[PDB]
Amino acid sequence: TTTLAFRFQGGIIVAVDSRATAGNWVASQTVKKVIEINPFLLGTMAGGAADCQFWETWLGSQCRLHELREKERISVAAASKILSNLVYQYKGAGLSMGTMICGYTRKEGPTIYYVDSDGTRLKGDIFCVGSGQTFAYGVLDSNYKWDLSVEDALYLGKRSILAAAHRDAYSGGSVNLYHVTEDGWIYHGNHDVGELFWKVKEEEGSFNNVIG
Amino acid sequence: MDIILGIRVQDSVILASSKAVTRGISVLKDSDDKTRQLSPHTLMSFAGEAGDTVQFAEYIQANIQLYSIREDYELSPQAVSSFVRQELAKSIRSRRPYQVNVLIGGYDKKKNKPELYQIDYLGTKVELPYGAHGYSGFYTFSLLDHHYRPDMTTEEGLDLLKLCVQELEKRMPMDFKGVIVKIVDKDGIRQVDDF
Amino acid sequence: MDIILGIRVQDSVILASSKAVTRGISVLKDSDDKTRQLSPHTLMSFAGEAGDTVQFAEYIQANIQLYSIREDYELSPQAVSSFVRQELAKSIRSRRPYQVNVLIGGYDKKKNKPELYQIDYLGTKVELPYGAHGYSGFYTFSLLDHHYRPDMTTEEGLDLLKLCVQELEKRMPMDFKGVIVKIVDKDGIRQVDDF
Amino acid sequence: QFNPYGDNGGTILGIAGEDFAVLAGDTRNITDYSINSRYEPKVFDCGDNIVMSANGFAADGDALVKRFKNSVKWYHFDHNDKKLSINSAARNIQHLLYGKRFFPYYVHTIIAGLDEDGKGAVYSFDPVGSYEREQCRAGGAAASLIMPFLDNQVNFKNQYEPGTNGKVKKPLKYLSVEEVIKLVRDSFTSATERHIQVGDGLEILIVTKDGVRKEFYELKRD
Amino acid sequence: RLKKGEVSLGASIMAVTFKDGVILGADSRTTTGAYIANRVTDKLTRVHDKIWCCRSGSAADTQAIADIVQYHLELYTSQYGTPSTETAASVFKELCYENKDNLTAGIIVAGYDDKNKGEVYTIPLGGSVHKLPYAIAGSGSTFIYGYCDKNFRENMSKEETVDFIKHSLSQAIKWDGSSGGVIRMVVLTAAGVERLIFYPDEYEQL
Amino acid sequence: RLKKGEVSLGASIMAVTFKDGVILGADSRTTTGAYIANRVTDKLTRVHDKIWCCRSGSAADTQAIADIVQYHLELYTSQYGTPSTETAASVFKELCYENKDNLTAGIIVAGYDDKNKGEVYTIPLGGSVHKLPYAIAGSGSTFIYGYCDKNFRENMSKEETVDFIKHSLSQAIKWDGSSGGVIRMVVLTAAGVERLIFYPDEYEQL
Amino acid sequence: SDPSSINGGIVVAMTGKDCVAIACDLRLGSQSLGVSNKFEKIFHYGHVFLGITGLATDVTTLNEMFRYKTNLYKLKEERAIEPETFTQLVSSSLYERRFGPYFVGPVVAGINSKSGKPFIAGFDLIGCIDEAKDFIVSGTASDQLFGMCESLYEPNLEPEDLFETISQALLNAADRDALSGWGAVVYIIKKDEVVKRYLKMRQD
Amino acid sequence: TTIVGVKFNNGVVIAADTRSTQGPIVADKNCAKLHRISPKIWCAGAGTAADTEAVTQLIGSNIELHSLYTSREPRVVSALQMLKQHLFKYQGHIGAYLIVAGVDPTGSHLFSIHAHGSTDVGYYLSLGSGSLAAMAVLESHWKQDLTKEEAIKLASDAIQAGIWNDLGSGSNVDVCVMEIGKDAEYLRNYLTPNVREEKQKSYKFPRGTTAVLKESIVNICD
Amino acid sequence: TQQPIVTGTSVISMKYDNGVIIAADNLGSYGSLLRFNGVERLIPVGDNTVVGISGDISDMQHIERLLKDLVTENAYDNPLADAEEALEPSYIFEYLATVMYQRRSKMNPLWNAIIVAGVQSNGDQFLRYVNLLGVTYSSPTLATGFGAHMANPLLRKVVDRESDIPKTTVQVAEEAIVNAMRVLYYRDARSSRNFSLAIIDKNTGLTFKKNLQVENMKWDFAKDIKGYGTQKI
Ligand SMILES: *[C@@](C)(CO)[C@](*)(O)[C@H](CC(C)C)NC(=O)[C@H](Cc1ccccc1)NC(=O)[C@H](CC(C)C)NC(=O)[C@H](CCc1ccccc1)NC(=O)CN1CCOCC1
Ligand SMILES: *[C@@](C)(CO)[C@](*)(O)[C@H](CC(C)C)NC(=O)[C@H](Cc1ccccc1)NC(=O)[C@H](CC(C)C)NC(=O)[C@H](CCc1ccccc1)NC(=O)CN1CCOCC1
Ligand SMILES: [Cl-]
Ligand SMILES: [Cl-]
Ligand SMILES: [Mg+2]
Ligand SMILES: [Mg+2]
Ligand SMILES: [Mg+2]
């Protein structure tokens, strides 16, 4: 896996790859690593596939039960803490999860929480999670500004996953883009690295290490 | 020993190497030069196991200098890199192998081209536009994939290198006390004193 | 989690705690506050195993806050420290112990005295003029042995603390991204924003 | 020390068409270098136009299929004989598998059928419950041999339009039941040649709106 | 399978059916390693009037088992009358089988009914039950498999059976360091219960 | 001691001196775990005209040793004439003792001199030498210590010694899974060298 | 710490009608980190082609070693070495290091200049020869390559058709292996002409 | 592997399957396990494939030099002795399991050698992973005084038992007949009962399907 | 977690036109020691099923007791216990298969390999295998332990597929089974000469044969074999 999400002027960008591996065997190139919890909440998935998928769909059920009981959408903080408290109960049992709970509410504004399987829970503006997190960080950090436009922010997120997809052997397939605003999340398409790499190489002039 | 980087541009090769020497919970030195001049137009940086690194570098340096005196001629970077690779390829099947990783930056005067070679302790050689050893690569490679262009100048290369060091200083766990930068071109080897 | 320090002076207790949160070869965050307010005049910093640290701190915080509501009264730092020690002393013989080390800095309003308690994950409590957890102590204790005086002011304590952080930034292997400093005195708890 | 797991070999394969779906699997059962049976079926009709196979450790595979078949039965009792949709079955199976997260069923599960729009559907599972709908999936011992061939022939991967300078991709289209069975038979004969645990016989289960049909073909017995 | 440093009952034990009933036989030695902890042990023990057993393996385990079996058969007698030898063996098995991981007890059960005459059941480490004409067990029994198979006959007399046991255990003792001391025997017949003993000076020079 | 997966020579071997000389005896079973790799093996092997040996332990080790000993004794004969049986045993010992770490070879040496008549030397795993009236060895020998000690007599006849070996190995085979097949024998006397064989149908029903 | 899967890579070879093809990927990595996308694994000595997968230091070492040996061969024999003979030389050299072996999976390919017969062969790390009429595979995606070749291959393919078959075999196999890919090269070899084509593949 | 050796009236016959494995993967579907040590001394090999080839060639080379030195046709016992002493010296690490057979001036012979250097004599022998399947057939159908045609039938039947029942063995049956007074006849692919069936579909791609980045002519000439 | 102590070796079986045959030797091994010789390892259930068991004997005796108790329990409140509602082979197998898998799942297995042979009420042949892992499979021929390696090859030459079952008579089928038992005695180091054999026919019913012996053995060629290579004497 490579997954990222960063906060900026125009809300939150969330970008993920779609590869799944079993050792060196590429098992899938079309995995959905973003879970759509509700129109205002997203969750990213890295680590054990079953662990992430099972518990984040479970998280969605707990969020639904909150708004039925409280007649109000759950906060990003509360949603992330449900997941972090859950994995903490299983600490030492061998769960493998690197997740990011991203969303918007009125009281909080745009918010991102990093939550992992050893119980760590951190609020923050920028996070990259997965085997190719460092490759994404390299591109993202060196090009990040708070004042990025929605168009530029979407591209930087896409370009950061592409960078990791290229270098990290255990990342690839395609890029899934999301944009989170005050009005909720908006899907910005599936982008196959097969066509995207060459399109980016030609137009941007980058990737000069590769034989053109 | 930890961070060594290398970038080949249009007319030169630039090597950056961390200054910190750490043993246990103490930084013993913060001004260490992790490189040796093999010949006037060839420079080798190194990183790995304590003691092995310097012992290996100086041993190579002595051999290349011996060749230069014998033939009154400077070996090409390609020739030096091949010699270095073979020494490491011997080493890996010895009783006690050299645990040293190197970058060899040189300027070929016959071809009038800069050349950067990355060689690991196993004797694995590759020619590259940009290279790194250790955990550094996990950040710098993707960064350079994006920002690097083949026709860049030496000044553009130094800015590109500053971008790498900044990223490393932000996301690396250990304090590596900055880097010593050196440039290899048609006029030989020189050190950037203010980085 | 790594560096947490504490200095008791004439009229206050000063706690300094590193901002870095590192996982693997990546610094995930550089603005982390490794402390919780247990009561208006009691502050606890913490360091240790990931997840355990915050889970333990907040659990203690909830219990002390529950006491405050029930009795409409603030527990003394000595009483809070004893409660915390017992929880860790239970923990160490559990199925899965809390691997958390803490410093408790408080101001006793009845005695009009500042108090600093150092408690490790085993439940080992000591009252001290200055304290540290982890590798930090190997530098700071000897430094404070020399420069510390019991009748110092809060400002003198902050300068003494700057001297510790500088030494750590010079000789520690890891980049801990500076510290968040907080002061505990007769007027409660406040944070120094520029350090 | 007692080892509760074993490897019974074999391999399985699921392909989805426009209005149909197939789930194939060889009939050979093995332990180490011995053949246990030349005909031991591991692809099962579970009712509600759902076919299922759980390949790997056969004892776990049988236990799982048995529990899912039972899950279908109780779904009818508890919800007024409602048809269990393929998507609902998939989610139910995830919970069966993840229920034993800390003592897993050592199997690769594949189910096939029709979705609620009448279109062909194939779902695949890992041992602990992670699942995904796909047009194509091979599982088991020879999955690594068959799967890339399916990427090339079913999803037309790495195939471009001739003369277009590698710019226009070969367009995706559904395959006929005749063309799919050709690919299944070729996949298994190829796997039989190069994998020792694969052979003896091939059993295919085809699923259309009309029901569940079967076809059987001989495979090399060496 | 023995616990470290626990007393070892390694033995030369045997039970032999014959015309008038059954005879149990055993050596007298206990070891911890190479040191003989007890040289005069009684390894033939009563669980009921005419149902006895030979003990081998762990001293502690076999004693604890035999004490429980004696309790069960005493309670059986109070409700249902005298138990069969098969019944006694079943109670031994149940304990040995269900606790096979925590126990080291190689027990031979031997008893005399009026209907069923002399019977012998052997129970090895696993907890399995085997009904036999005669049985041998203990560390020293290996050395006398050949001898006992060649020399055993069905429907022997009392004096012949006593000689068969004496000669057999004599050899087992001679070759097994874990066996030695006196040779104890117990005779089970319709007549009653008779105890016999044989000393080194006699049996060594056989 | 056996190397993983190597053929095991586990056996029922014995050599017995008697009035006219000495007789060697052995089973024919060779095993790789519980599979019988050879059911008709010859474990009695010639190192000199009237000096033979019985092999047990590792098939490879015993063969390599026996081949070297045969070489030494052939070279001894060319220079110094016929070697004594003691001399042959000494050469076996020297190889077994000096390479005790790398070898698994339980060898019985048996030969016939005119002066010294029949002699038997046994050489266990350690490499020690023991001169005896008779000797037994191999996995299956454990089961016939009792039988052989009770039934052996000095100065037996040829027919008595053949019966003694046949009955003994029959029992060893019956109880040892690592022993089986035919019973081979070799007779060493002043008359010469005679080979004998005995099949299951005969010896099983003894 | 498994020498054969540290760097990654694959090689495949096929025969056709009066021709042979040999192809390889371009990746060199250090476990998860992709380092080089220019690392070719196919070399040639005269008209004999050798592909080598496995530990990269040994790939380089063996290329240099066989260049050394074939050069001396040519000087003494006064002719180019043939594929059948070279195959034996490779086997000898690898078995010489029986108990301290080069961690490689070599593949020979070429046309015998005298008879004109197409020839391919493969080896394990200690020199065992694997000859084949149809195809030889090697590398971290060998399972994948075996599956592709066994289904796609047919005998007596023309050079132009054979190119398509071997290329599709390599590409789809590489895309199912994490340590293989990052580019590819295909050699088409006729009696007296040799074409070398670089393939466009996904770069992840 | 499965390999066998059977003695008959006027000589000896050996046989072998032709499967070569790499874990569970079939590396070579038609490899030659029968090796020529000298013209009339042949060797069937099982175990580590490189070791059986290397050890058979080395001894074969030394046998040739010995034959030239002594001006005599080589003997089977010489090959036997040289092989066992070599294998013993390497304490099993050279994993060669051989059935050595042949005719010489002394007569016809049949032996087996194991990796640790132990040898056995017999009228019928079998080695390899399918030796149990083969030996079952040999034990059931072998008799004294076999003819040439009967021994070939028995030997091939024993290999077939390995081919069908052992996953380690497969494909074809190689045979070598060594009769006294005649040349030894090597019968490569004596039986071929595992022919691949016609594929359902041709996977010949349209020309231009593969995307290409660069072309270049390679220089093979001087 | 167990380790088997007293053990039983191969159980072999096959189908023929009108029914099934099953066999197993009478040995109870204690490691390399062939300790017990009167051990019956075929256990009939009713007049239409035979359960053959290999592996640990203490666990075998436990399984005996369960089957014995199953017959008793089936008879309770069942007027058709000796007719329509009698125990079928399929019922007996599924029960055992359930137990074996439950025990492996509790990490405390019954250390056995079991073959349930019988004939159903409708005349159909039943033959299915189950072991300590709960693994189950069916085939025209089935065997455990060595039997799997040596017997199956021989029995498959008679019945290689389903269509060969009607073509195989009880005479031909029994001959193959008896031959297989001889081969196992030649080659299995933990086997005995004495064995039991059972036939369950749809017409003639259950025939249980005890105290059989392996015979017509070839040992004569042994006398010609001398040394291990060179040796002539
Ligand atoms: C990047 C892509 C790689 O790390 C991401 O991290 C992704 C995250 C997405 C998928 C949510 N992670 C994975 O792909 C993840 C990596 C991984 C694997 C194993 C443990 C932890 C992390 N992959 C998986 O979870 C795979 C997904 C399969 C291919 C769909 N699953 C497995 O490997 C399974 C089950 C793993 C498992 C976990 C915990 C307990 C038990 C099992 N394992 C197998 O399938 C084993 N094997 C596969 C090959 O054939 C034989 C059976
Ligand atoms: C039957 C079919 C199986 O026993 C026969 O016995 C045949 C014998 C004939 C072919 C000579 N045996 C094999 O085919 C034999 C089986 C085997 C495998 C592994 C170890 C021992 C025996 N196969 C081989 O020897 C193959 C030959 C290949 C197909 C050319 N070799 C390998 O599998 C090598 C083993 C190398 C080895 C090293 C050290 C000790 C012993 C053997 N393995 C690999 O190449 C696997 N791997 C691939 C990636 O690179 C690293 C090695
Ligand atoms: Cl006692
Ligand atoms: Cl031998
Ligand atoms: Mg086979
Ligand atoms: Mg004694
Ligand atoms: Mg990648």
# chains A, B, ... in the order shown; residues from 1 in each chain; ligands from 1

$ residues_near_ligand --ligand "ligand 1" --cutoff "7 Å" --atoms "only C-alpha atoms and all ligand atoms" --output "PyMOL selection string"
(chain A and resi 1-2+18-23+27-28+31+33+45-50+52-53+96+130-131+170-171) or (chain D and resi 101-102+104+125-128+130+140)

$ closest_atom_pairs --of "chain F" --to "ligand 4" --cutoff "9 Å" --atoms "only C-alpha atoms and all ligand atoms" --output "Markdown table"
| residue | atom | partner | partner_atom_place_in_ligand_line | distance |
| --- | --- | --- | --- | --- |
| F:7 | CA | ligand 4 | 1 (Cl) | 8.3 |
| F:8 | CA | ligand 4 | 1 (Cl) | 8.4 |
| F:9 | CA | ligand 4 | 1 (Cl) | 6.4 |
| F:28 | CA | ligand 4 | 1 (Cl) | 8.8 |
| F:29 | CA | ligand 4 | 1 (Cl) | 8.9 |
| F:30 | CA | ligand 4 | 1 (Cl) | 7.0 |
| F:38 | CA | ligand 4 | 1 (Cl) | 8.5 |
| F:41 | CA | ligand 4 | 1 (Cl) | 6.1 |
| F:42 | CA | ligand 4 | 1 (Cl) | 6.5 |
| F:43 | CA | ligand 4 | 1 (Cl) | 5.9 |
| F:55 | CA | ligand 4 | 1 (Cl) | 7.6 |
| F:56 | CA | ligand 4 | 1 (Cl) | 8.4 |
| F:58 | CA | ligand 4 | 1 (Cl) | 8.2 |
| F:59 | CA | ligand 4 | 1 (Cl) | 4.7 |
| F:60 | CA | ligand 4 | 1 (Cl) | 7.3 |
| F:62 | CA | ligand 4 | 1 (Cl) | 7.8 |
| F:63 | CA | ligand 4 | 1 (Cl) | 6.8 |

$ calpha_fit_and_write --fixed "chain B" --moving "chain C" --output "compact mmCIF listing (two decimals) with C-alpha atoms, in the first residue's frame"
# COMPACT_ATOMS: atom_id res chain seq x y z
CA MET C 1 27.61 6.60 8.64
CA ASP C 2 24.08 6.82 7.21
CA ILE C 3 23.19 9.28 4.43
CA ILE C 4 25.00 9.40 1.09
CA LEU C 5 23.41 10.88 -2.05
CA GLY C 6 24.49 11.43 -5.64
CA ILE C 7 23.09 13.40 -8.59
CA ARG C 8 24.43 13.42 -12.17
CA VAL C 9 23.49 16.52 -14.19
CA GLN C 10 24.46 17.87 -17.65
CA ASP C 11 28.11 18.72 -16.95
CA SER C 12 28.88 17.43 -13.42
CA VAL C 13 28.29 14.88 -10.65
CA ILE C 14 27.28 16.10 -7.18
CA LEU C 15 27.80 13.99 -4.03
CA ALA C 16 26.24 14.79 -0.64
CA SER C 17 27.22 12.88 2.52
CA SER C 18 26.11 13.26 6.17
CA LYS C 19 28.54 14.64 8.77
CA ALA C 20 27.37 12.76 11.88
CA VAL C 21 29.31 9.88 13.43
CA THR C 22 27.25 8.20 16.16
CA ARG C 23 28.15 5.42 18.59
CA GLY C 24 25.50 4.31 21.11
CA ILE C 25 23.54 7.28 22.50
CA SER C 26 26.29 9.80 21.65
CA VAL C 27 27.11 11.79 18.54
CA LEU C 28 30.91 11.63 18.74
CA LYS C 29 31.51 13.95 15.77
CA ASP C 30 29.46 16.33 13.58
CA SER C 31 32.01 17.28 10.89
CA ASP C 32 32.97 13.93 9.33
CA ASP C 33 33.90 13.77 5.64
CA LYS C 34 32.63 10.43 4.29
CA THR C 35 34.55 10.50 1.01
CA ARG C 36 37.96 9.92 -0.57
CA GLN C 37 39.45 11.28 -3.78
CA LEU C 38 40.49 8.26 -5.86
CA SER C 39 41.89 10.38 -8.70
CA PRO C 40 41.74 14.06 -9.84
CA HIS C 41 38.39 13.49 -11.65
CA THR C 42 36.97 10.61 -9.54
CA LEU C 43 35.40 10.81 -6.07
CA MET C 44 33.98 8.01 -3.90
CA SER C 45 31.58 8.43 -0.98
CA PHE C 46 30.90 5.56 1.44
CA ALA C 47 28.64 4.30 4.23
CA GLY C 48 28.21 1.12 6.30
CA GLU C 49 29.86 -0.79 9.17
CA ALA C 50 32.21 1.15 11.46
CA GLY C 51 35.91 0.77 10.61
CA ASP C 52 35.21 -1.19 7.40
CA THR C 53 34.16 2.00 5.59
CA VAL C 54 37.39 4.00 5.93
CA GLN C 55 39.63 0.91 5.69
CA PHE C 56 37.99 -0.02 2.37
CA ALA C 57 37.93 3.52 0.94
CA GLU C 58 41.63 4.13 1.65
CA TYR C 59 42.56 0.68 0.28
CA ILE C 60 40.81 1.52 -3.01
CA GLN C 61 42.39 5.00 -2.97
CA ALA C 62 45.88 3.52 -2.59
CA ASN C 63 45.32 1.09 -5.50
CA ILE C 64 44.01 3.74 -7.92
CA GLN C 65 46.86 6.11 -6.97
CA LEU C 66 49.34 3.27 -7.58
CA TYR C 67 47.86 2.75 -11.05
CA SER C 68 48.11 6.49 -11.83
CA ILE C 69 51.83 6.56 -10.97
CA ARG C 70 52.62 3.34 -12.87
CA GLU C 71 50.93 4.34 -16.14
CA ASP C 72 51.13 8.14 -15.78
CA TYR C 73 47.45 8.11 -16.76
CA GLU C 74 44.06 8.56 -15.09
CA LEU C 75 41.63 5.61 -15.19
CA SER C 76 38.11 6.33 -16.46
CA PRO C 77 35.24 6.41 -13.91
CA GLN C 78 33.82 3.30 -15.63
CA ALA C 79 37.15 1.48 -15.18
CA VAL C 80 37.47 2.55 -11.52
CA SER C 81 33.86 1.53 -10.78
CA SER C 82 34.48 -1.91 -12.32
CA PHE C 83 37.62 -2.33 -10.19
CA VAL C 84 35.70 -1.33 -7.05
CA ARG C 85 32.80 -3.70 -7.86
CA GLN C 86 35.16 -6.65 -8.31
CA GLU C 87 36.81 -5.96 -4.94
CA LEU C 88 33.41 -5.99 -3.25
CA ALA C 89 32.36 -9.05 -5.28
CA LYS C 90 35.44 -10.88 -3.93
CA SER C 91 34.77 -9.53 -0.43
CA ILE C 92 31.20 -10.83 -0.07
CA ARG C 93 32.43 -14.47 -0.19
CA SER C 94 35.38 -13.86 2.18
CA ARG C 95 35.72 -14.95 5.82
CA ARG C 96 34.79 -11.41 6.93
CA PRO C 97 33.24 -9.27 4.14
CA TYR C 98 33.51 -5.50 3.82
CA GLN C 99 30.09 -4.17 4.84
CA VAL C 100 30.47 -0.95 2.84
CA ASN C 101 28.18 0.74 0.31
CA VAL C 102 29.65 3.32 -2.07
CA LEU C 103 28.80 5.93 -4.68
CA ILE C 104 31.41 6.75 -7.33
CA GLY C 105 31.03 10.15 -9.00
CA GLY C 106 33.43 10.93 -11.83
CA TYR C 107 33.99 13.00 -14.97
CA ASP C 108 35.21 11.10 -18.04
CA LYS C 109 37.64 13.42 -19.85
CA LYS C 110 37.68 11.34 -23.06
CA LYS C 111 33.87 11.31 -23.42
CA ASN C 112 33.38 14.74 -21.79
CA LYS C 113 30.49 13.31 -19.74
CA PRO C 114 29.72 13.06 -16.00
CA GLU C 115 29.09 9.57 -14.59
CA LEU C 116 27.52 8.32 -11.34
CA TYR C 117 27.85 4.69 -10.20
CA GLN C 118 26.00 3.11 -7.27
CA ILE C 119 27.63 -0.01 -5.78
CA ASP C 120 26.39 -1.91 -2.71
CA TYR C 121 28.42 -4.19 -0.40
CA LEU C 122 27.44 -7.29 -2.44
CA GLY C 123 29.16 -5.80 -5.52
CA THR C 124 25.96 -4.71 -7.27
CA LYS C 125 26.85 -1.95 -9.76
CA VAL C 126 24.45 0.36 -11.60
CA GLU C 127 24.99 3.61 -13.53
CA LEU C 128 22.31 6.17 -12.61
CA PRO C 129 21.22 9.80 -13.12
CA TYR C 130 20.66 9.95 -9.35
CA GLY C 131 21.48 7.52 -6.54
CA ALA C 132 21.35 6.93 -2.79
CA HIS C 133 22.27 4.30 -0.19
CA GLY C 134 20.47 3.28 3.00
CA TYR C 135 17.09 4.62 4.11
CA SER C 136 17.73 7.92 2.27
CA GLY C 137 16.59 6.42 -1.04
CA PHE C 138 13.10 5.72 0.30
CA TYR C 139 12.50 9.50 0.26
CA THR C 140 14.91 10.89 -2.35
CA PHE C 141 14.23 8.56 -5.31
CA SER C 142 10.53 9.45 -5.65
CA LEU C 143 11.38 13.13 -5.08
CA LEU C 144 13.98 13.07 -7.88
CA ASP C 145 11.66 11.07 -10.16
CA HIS C 146 9.42 14.15 -10.05
CA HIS C 147 11.85 17.11 -10.03
CA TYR C 148 14.92 15.82 -11.94
CA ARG C 149 15.62 16.72 -15.58
CA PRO C 150 18.63 15.41 -17.58
CA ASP C 151 19.71 18.80 -18.99
CA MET C 152 20.00 20.58 -15.61
CA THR C 153 22.93 22.80 -14.63
CA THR C 154 25.19 22.38 -11.58
CA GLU C 155 23.32 25.20 -9.80
CA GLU C 156 19.95 23.58 -10.59
CA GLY C 157 21.41 20.31 -9.27
CA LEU C 158 22.40 21.95 -5.97
CA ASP C 159 18.87 23.35 -5.51
CA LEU C 160 17.49 19.88 -6.31
CA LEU C 161 19.89 18.52 -3.68
CA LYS C 162 18.77 21.10 -1.09
CA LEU C 163 15.23 19.85 -1.68
CA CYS C 164 16.37 16.30 -0.78
CA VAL C 165 18.22 17.33 2.40
CA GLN C 166 15.22 19.37 3.60
CA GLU C 167 12.92 16.37 3.13
CA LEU C 168 15.35 14.10 4.99
CA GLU C 169 15.72 16.62 7.84
CA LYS C 170 11.90 16.70 8.11
CA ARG C 171 11.06 12.97 7.97
CA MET C 172 14.18 11.03 9.07
CA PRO C 173 14.24 9.86 12.71
CA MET C 174 17.97 10.45 13.32
CA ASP C 175 19.84 13.77 13.43
CA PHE C 176 22.58 13.41 10.79
CA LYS C 177 24.06 16.90 11.37
CA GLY C 178 23.75 18.15 7.77
CA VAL C 179 25.86 17.19 4.74
CA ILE C 180 29.20 17.89 3.05
CA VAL C 181 28.61 18.52 -0.66
CA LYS C 182 31.26 18.02 -3.36
CA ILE C 183 31.15 18.63 -7.13
CA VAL C 184 33.00 16.61 -9.79
CA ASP C 185 33.38 18.13 -13.28
CA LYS C 186 35.87 18.80 -16.13
CA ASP C 187 37.97 20.98 -13.77
CA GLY C 188 38.22 18.29 -11.07
CA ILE C 189 36.85 18.05 -7.53
CA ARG C 190 35.82 20.94 -5.25
CA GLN C 191 33.87 21.30 -1.99
CA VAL C 192 30.88 23.56 -1.33
CA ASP C 193 31.73 25.18 2.03
CA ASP C 194 28.33 26.84 2.73
CA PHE C 195 25.45 24.33 2.70

$ residues_near_ligand --ligand "ligand 2" --cutoff "7 Å" --atoms "only C-alpha atoms and all ligand atoms" --output "PyMOL selection string"
(chain G and resi 4+54+103-105+123-126+128-130+139) or (chain H and resi 1-2+19-23+27-28+31+33+45-50+52+95+128-129+168-169)

$ closest_residue --among "A:118, A:194, A:124, A:51" --to "chain H" --atoms "only C-alpha atoms"
A:194

$ select_by_dssp --residues "stretch 148-196 of chain A" --states "alpha helix (DSSP H)" --output "ChimeraX atom specification"
/A:150-167,193-196

$ atom_distance --atom1 "atom CA of residue A:139" --atom2 "atom CA of residue A:110"
22.7 Å

$ select_by_dssp --residues "stretch 37-205 of chain A" --states "strand (DSSP E)" --output "PyMOL selection string"
chain A and resi 37-38+41-47+97-105+109-116+121-123+126-130+174-181+184-192

$ residues_near_ligand --ligand "ligand 5" --cutoff "6 Å" --atoms "only C-alpha atoms and all ligand atoms" --output "number ranges by chain"
D: 222; H: 163-167, 169-170

$ closest_residue --among "G:149, G:194, G:6, G:56" --to "chain D" --atoms "only C-alpha atoms"
G:149

$ residues_near_ligand --ligand "ligand 6" --cutoff "8 Å" --atoms "only C-alpha atoms and all ligand atoms" --output "ChimeraX atom specification"
/E:172-181

$ write_last_selection --atoms "C-alpha atoms" --output "PDB file, in the first residue's frame"
ATOM      1  CA  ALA E 172      15.741 -58.588  33.619  1.00  0.00           C
ATOM      2  CA  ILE E 173      17.444 -57.625  36.904  1.00  0.00           C
ATOM      3  CA  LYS E 174      20.836 -58.958  35.706  1.00  0.00           C
ATOM      4  CA  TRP E 175      20.831 -56.774  32.562  1.00  0.00           C
ATOM      5  CA  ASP E 176      18.792 -53.718  33.653  1.00  0.00           C
ATOM      6  CA  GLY E 177      20.524 -51.303  36.040  1.00  0.00           C
ATOM      7  CA  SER E 178      17.166 -49.749  36.910  1.00  0.00           C
ATOM      8  CA  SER E 179      15.962 -53.120  38.259  1.00  0.00           C
ATOM      9  CA  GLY E 180      17.201 -55.025  41.320  1.00  0.00           C
ATOM     10  CA  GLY E 181      16.806 -55.975  44.967  1.00  0.00           C
TER      11      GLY E 181
END
